[PDB]
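One letter stands for each residue in the lines below.
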There are 2 protein chains.
Amino acid sequence: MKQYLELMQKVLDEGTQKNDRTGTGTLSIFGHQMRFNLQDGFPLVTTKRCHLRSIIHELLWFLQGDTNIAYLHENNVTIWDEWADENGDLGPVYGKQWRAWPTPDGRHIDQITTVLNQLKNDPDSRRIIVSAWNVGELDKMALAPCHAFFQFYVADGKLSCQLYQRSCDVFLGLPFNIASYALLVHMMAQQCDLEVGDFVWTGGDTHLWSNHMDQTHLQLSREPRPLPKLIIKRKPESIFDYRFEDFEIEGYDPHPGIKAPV
Amino acid sequence: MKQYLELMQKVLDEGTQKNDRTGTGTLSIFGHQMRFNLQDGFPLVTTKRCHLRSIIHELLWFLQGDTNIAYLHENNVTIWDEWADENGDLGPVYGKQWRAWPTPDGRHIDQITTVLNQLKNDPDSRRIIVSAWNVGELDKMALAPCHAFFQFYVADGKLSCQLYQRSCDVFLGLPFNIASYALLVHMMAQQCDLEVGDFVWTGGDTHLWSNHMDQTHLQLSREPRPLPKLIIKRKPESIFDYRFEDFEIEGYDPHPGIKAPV
């Protein structure tokens, strides 16, 4: 997408060379923002072929409050494999915080149900927020959340959402994160009888791995294609009742995929 | 400042009517970002006279971990008076979360000393983060945190910071919030022997109250002046040992102050 390629170019243009614990190195910039009008089309990168299959499963998994990878395995989704422990556990990552954030006094907050109630009953609220950044449980997580928290907004019947992504792998991670949150907005909008508005992406430490430069220059040589259309085939009774098969994308016409190394 | 006035004009151009708790109405947009290179000058609005006085005390107060307004009263700062209960308490807002985030198992995390330790000993960390958004204690707070989450970043010996602000009163609140976090960056930079980098302001629901229109237009009719320079006149031996009198603004020649109703 134009905005996505613009960020890619920006990391090239003004990134600082850094090291990582792994000793691979990054070009990094700090702070960026992009806006995707979801009525323009579903924001799935076209300058390399991306696949929605794992994205959809991961989101459904988040929404169930699951942090064991068993479900992902049921559907051959291997994106979390290197981070899971022997039992398939990741600790209290995303889904657990979204659905059962533990209070200091032994209660649990379902932020997803909270936000639905807010979007329906108090759509003007300036505090419709989900946070995975549970400071008191970070040391229990396989990895501290990268997509750390997000805020919803309603105006003129349209639902928007802004994500703060504290750390972003531009090449591999971001196309996945963008489509994930766009899908969530569509589902939230459908459950609240709202139109889809904007997905706003905000980045903190935003980088390209030094081993993705070859791929990045290829992808930057390509002109974005028009975006596809997302179809949701059914209206489930709740945000927790979507199924993989409920989603179809139509008109997706990307440039060939670009494989990275690891 | 140029970016600040651009934002005012953006809200006039693109803002939609969005009611509120009080029924005054706002013109609102969702998602905005500004970058202030702190090397260029201290980002204190010059198109109306602003004053650091309440800003400094509030920030020293946050850094102390205090959520009772007694300190602010002792220093003739009234900005929190409408929100505090009879005992002067605001509940576990900013200061408590910054200095003593309660974990579910009885510990407290000092996010400020954590960030200090990271900036000094692990400056390339991609999670140098402070969160006020403690989902589990929102029900105890006088108000949900507005400046909810901030992240630091270090490149080439320079300290940057990005704030996420879920809700922003552009005319009254925003100049205050920008200078607040810019001050914090300068303090952290001094304590970590780093140069100041960028302050990145990111907004969620970013609005002008409808009864701020005449004020906004007055201000927009004025040409911004060169940025002032922050003079810190003493280097404390910890981030917690600043004093109100340590800070001076130099070369600040604003347009007249503009009074606006709450």
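Conventions adopted
- Residues numbered from 1 in each chain as written, not as in the entry; some residues may be left out.
- Chains lettered and ligands numbered in written order.
- Heavy atoms only, no water.
- Residues with missing side-chain atoms left out of burial classes, pairs and counts.
- Helix = DSSP H or I, 4+ residues; strand = E, 2+ residues; numbered from the N terminus.
- Rg over C-alpha atoms; globule rule 2.2 N^0.38 Å.
- Salt bridge = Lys/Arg side-chain N within 4 Å of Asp/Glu carboxyl O.
- Buried < 20%, exposed > 50% of the residue type's maximum accessible area, 1.4 Å probe, protein only.
- Pairing = 2+ DSSP bridges.
- Axes fitted to C-alpha atoms, helices over the stretch in contact; angles between N-to-C directions.
- Contact = heavy atoms within 4.5 Å.
- Least-squares fit on C-alpha atoms.
- Polar contact = N/O pair within 3.5 Å; in protein donor to acceptor, adjacent residues only side chain to side chain.
- Buried area = accessible area lost by both parts, 1.4 Å probe.
- Nonpolar A, V, L, I, M, F, W, Y, C, P; charged D, E, K, R; others polar.
- Parallel < 35°, antiparallel > 145°, perpendicular 65-115°, else oblique.
- Left-handed = near helix turned anticlockwise from the far one by under 90°.
- Right-handed = clockwise from strand over helix to strand, strands pointing away.

Method of determination, as given in the entry header: X-ray crystallography; reported resolution: 1.83 Å.

Novice: Honestly, the overall build of chain A in this entry has me stumped. Any pointers?
Specialist: Secondary structure assignment for chain A yields seven helices and 10 strands. For a compact globule of 262 residues, the expected C-alpha radius of gyration is about 18 Å, and chain A comes in at 18 Å, within 12% of that figure. Once the C-alpha set of chain A is aligned to its principal axes, its extents read approximately 45 × 40 × 35 Å.

Novice: Could you clarify how one ought to interpret the pattern of salt bridges in this entry?
Specialist: Side chains bearing opposite charge may pair, as long as their charged atoms lie close to each other. Tallied over the entire structure, the rule returns 20 salt bridges over all chains. Between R107 of chain B and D139 of chain A there is a salt bridge, and its shortest N-O distance comes to 3.7 Å. Of the two residues, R107 of chain B sits in the loop between β3 (101–102) and β4 (108–109) while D139 of chain A sits in the loop between β5 (128–131) and β6 (147–155), which places them in two different chains. Residue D139 of chain A is classed as exposed on the basis of its relative accessible area of 57%. Note that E248 of chain B and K233 of chain B form a salt bridge whose closest N and O atoms lie 2.6 Å from each other. One end of the pair, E248 of chain B, is in strand β10 (residues 247–250); the other, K233 of chain B, is in the loop between β9 (229–232) and β10, and 15 residues separate them in sequence. For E248 of chain B, a relative accessible area of 35% gives the class partly exposed.

Novice: How should I be thinking about the sheet that holds strand β8 (residues 195–209) of chain A in this particular structure?
Specialist: Two strands in a sheet stick together by hydrogen bonds in their backbones, pointing the same way (parallel) or opposite ways (antiparallel). Residues and elements named next belong to chain A. Taken in spatial order, the six strands of this open sheet run β1-β2-β8-β7-β6-β5, and their pairing is mixed. Edge strands, defined here as strands with exactly one partner in the open sheet, are β1 (16–18) and β5. Adjacent strand axes in the sheet meet at a mean angle of 20°, parallel and antiparallel pairs treated alike. Running at roughly 155° to strand β7 (residues 158–169), helix α6 (residues 174–191) makes contact with β2 (26–37), β6, β7 and β8 of the sheet.

Novice: Even after reading the chapter, I still don't get the relation of the copies chain B and chain A, so can you show me in this structure?
Specialist: Both copies of the chain are tied together by a single rotation about an axis and a shift running along it. Rotating chain B by 179° and moving it 0.3 Å along the rotation axis overlays it on chain A with an RMSD of 0.5 Å. Here the symmetry operator amounts to a two-fold rotation axis. For chain B, the smallest separation between a C-alpha atom and the rotation axis is recorded for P104 of chain B, amounting to 2.2 Å. Taken as a fraction of all interface residues of chain B, those also at the interface in chain A reach 95%, which identifies the copy contact as same-surface.

Novice: It is not clear to me how the side chain of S131 of chain B should be interpreted in this structure. Could you clarify?
Specialist: Residue placement: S131 of chain B occurs in strand β5 (residues 128–131). A distance of 3.1 Å separates the side chain of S131 of chain B from the backbone nitrogen of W133 of chain B, its partner in a polar contact.

Novice: Looking at this model, I keep getting lost on the interface of chain B and chain A. Mind explaining?
Specialist: One frequent convention defines the size of an interface as the accessible area lost when the parts assemble. Counting residues at the interface gives 56 residues for chain B, matched by 55 residues for chain A. Where chain B abuts chain A, roughly 4500 Å² becomes buried across the two surfaces, and 56% of that area is made up of carbon and sulfur atoms. Interface area lost by chain B to chain A is led by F30, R126 and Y153 of chain B, which between them contribute 20%. There are three salt bridges connecting chain B and chain A. Taken together, chain B and chain A are joined by 20 residue pairs in polar contact. When residues of the side of chain B that touches chain A are traced back to their parent elements, those giving at least two are β1 (16–18), β2 (26–37), β3, β5, β6 (147–155), β7 (158–169) and β8 (195–209) of chain B. Per-element tally for the side of chain B that touches chain A: the top contributor is β2 of chain B, with eight residues. For the side of chain B that touches chain A, the residue count by class is 21 nonpolar, 20 polar and 15 charged.

Novice: Explain the packing of helix α2 (residues 53–63) of chain B against helix α6 (residues 173–191) of chain B to me, please; I cannot follow it from the model alone.
Specialist: Residues and elements named next belong to chain B. Where α2 meets α6, the closest approach of the two axes is 10 Å, and the angle between their N-to-C directions is 55°. Relative to α6, the element α2 is oriented oblique. Helix-helix and strand crossings are classified by hand; for α2 and α6 the assignment is right-handed. Here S54, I55, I56, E58, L59, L60 and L63 of α2 lie close against α6, whose contacting residues are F176, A179, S180, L183, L184 and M187. Of the residues belonging to the contact of α2 with α6, the class tally is 10 nonpolar, two polar and one charged.

Novice: What is the right way to read unusual backbone geometry from this model?
Specialist: Phi is mostly negative for residues that are not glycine, and the peptide bonds are mostly trans. Residue and element names in this part refer to chain A. The backbone of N76 sits at a positive phi, close to 50°, despite the residue not being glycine. Residue position: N76 is located in the loop between α3 (70–74) and α4 (94–100). Exposure remark for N76: the relative accessible area of 55% places this residue in the exposed category.

Novice: Sorry, what's going on with the environment of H57 of chain A here?
Specialist: Residues and elements named next belong to chain A. Along the chain, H57 falls in helix α2 (residues 52–63). Between the C-alpha atom of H57 and that of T67, which follows or precedes it by 10 residues, the distance is 13 Å. With sequence-adjacent residues up to four places away left out, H57 is seen in contact with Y71, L72, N75, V77 and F244.

Novice: Help me understand the pairing of β7 of chain A, please; the structure alone is not making it clear to me.
Specialist: All names here are of chain A. The buried fraction of β7 is high, at 11 of 12 residues. Between β6 and β7, which pair antiparallel in sequence order, lie two residues; one of them, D156, sits at a positive phi of approximately 50°. For β7 and β8, the ladder comprises 10 bridges, and the chain directions are parallel. Bridging across to β8, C168 finds its partner in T206. Taking the sense of rotation as the criterion, the β-α-β connection linking β7, α6 and β8 turns out right-handed.

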